[PDB]
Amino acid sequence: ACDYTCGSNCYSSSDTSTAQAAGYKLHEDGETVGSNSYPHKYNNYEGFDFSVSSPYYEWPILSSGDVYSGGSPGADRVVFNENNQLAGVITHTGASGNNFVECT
């Protein structure tokens, strides 16, 4: 069973932890990868009800299980905060334009 489902993509907690660890490490070293400069601040324009505190940062989580290193980011993202806490897992899949909806 999936811990998180983003559209058709199935993710386990290990998947999200691995993705978060890579993005958080880049955040600490003050480095970014890709044309869209990940990881970067996530403003929560959508108004999701995150239980943990801000600031939030978004980082791509890939369906292949591979850690994002620069190319096409895909539709899925893990959102983490300054204390290395997972705020949520979101996706552009099933959402209009560049909006996001939460993975279930």
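Counting begins at 1, following the sequence as shown.
Per-stretch averaging of Cα B factors for 72 to 80 and 48 to 56 places 48 to 56 on top. In this crystal structure, the stretch out of 57 to 65 and 22 to 30 whose C-alpha atoms carry the higher mean B factor is 22 to 30. When all modelled residues of the chain are sorted by CA temperature factor, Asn9 is found within the middle third. In the deposited entry, the Cα temperature factor of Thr93 places it in the lowest third of its chain's modelled residues.
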